[PDB]
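J.: I have a structure I would like to understand better, so I am pasting it below and will then ask my questions one at a time.
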Amino acid sequence: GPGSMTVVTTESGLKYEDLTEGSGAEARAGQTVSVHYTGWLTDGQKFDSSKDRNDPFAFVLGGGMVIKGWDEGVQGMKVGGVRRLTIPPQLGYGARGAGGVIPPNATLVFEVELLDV
Ligand SMILES: Cc1ccc(SCC(=O)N2CCCCC2)cc1
């Protein structure tokens with residue numbers, strides 16, 4: 001009624017959460033799709049807001065211009081759907097990580113919102 005709430009991990013390691021069911025169409029491979037991305041720290045500190053550009057991030061799914069959690073996340077995400085994709089410190093920035101923005105060892109919380117495909 002009010003909504004669902006569950007967490008599940010994949011074999012790759014990445015994770016994702018349901019925020020808003022999308023009744024449109026799952027992202028296609030080899031095609032460009034516009035979606036909004038939001039980077040949040042372990043505490044909730046925002047370090048990236050696609051909304052800044054005032055437009056959806058249009059990128060080709062399965063091209064190589066994103067991270068594992070991205071390809072896998074969008075691969076399932078549907079138009080108008082919103083899911084919280086959780087990427088580890090290994091499948092994200094990398095062993096180096098950001099100077100002060102993001103720590104070396106920590107879970108990165110990224111929000112994905114499909115606007116169009
Ligand atoms: C603040 C900040 C500025 C530049 C970067 S690098 C962009 C990046 O690595 N992205 C991963 C795939 C989704 C789009 C963003 C990371 C953080």
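All Cβ positions, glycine included, derive from the backbone under ideal geometry; neighbour counts span all protein chains shown. Throughout, read-outs are computed from the coordinates displayed, never taken from laboratory work.
J.: Please list, by residue number, every one of the trypsin sites (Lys or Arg not before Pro) in segment 1-78 that is coil in DSSP and has at most 15 other beta-carbon atoms within 10 Å. Present the calculation step by step, with values, prior to reporting the outcome.
T.: Values: sites: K15, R28, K46, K51, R53, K68, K78; in loops: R28.
Of the trypsin sites (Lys or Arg not before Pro), the ones in loops of segment 1-78 whose Cβ has at most 15 other Cβ atoms within 10 Å are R28.
J.: Right, next: Just going by the charge dipole of the chain, with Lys and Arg at +1 and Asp and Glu at -1 on Cβ, which of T6, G81, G97 is farthest out on the positive end?
T.: Positive-end residue among those listed: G97.
J.: Using DSSP to call loops (not H, G, I, E or B), can you name the GluC sites (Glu not before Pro) in segment 1-44 whose Cβ has at most 16 other Cβ atoms within 10 angstrom? Don't skip to the end; give the middle numbers.
T.: Details: sites: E11, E17, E21, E26; in loops: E11, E21.
Filter output for segment 1-44: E11, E21.
J.: Placing one identical point scatterer on every Cα of segment 1-86 and ignoring solvent, what is log10 I(q)/I(0) from the Debye formula at q = 0.26 Å⁻¹?
T.: -1.55
J.: May I ask you to compute the full-extension gain from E26 to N105, defined as 0.36 nm times their residue separation minus their alpha-carbon distance, rounded to one decimal in nm? Spell out each step's value before the answer.
T.: Numbers: separation 79, 0.36 × 79 = 28.44 nm, distance 3.19 nm.
Going from the current span to full extension adds 25.3 nm.
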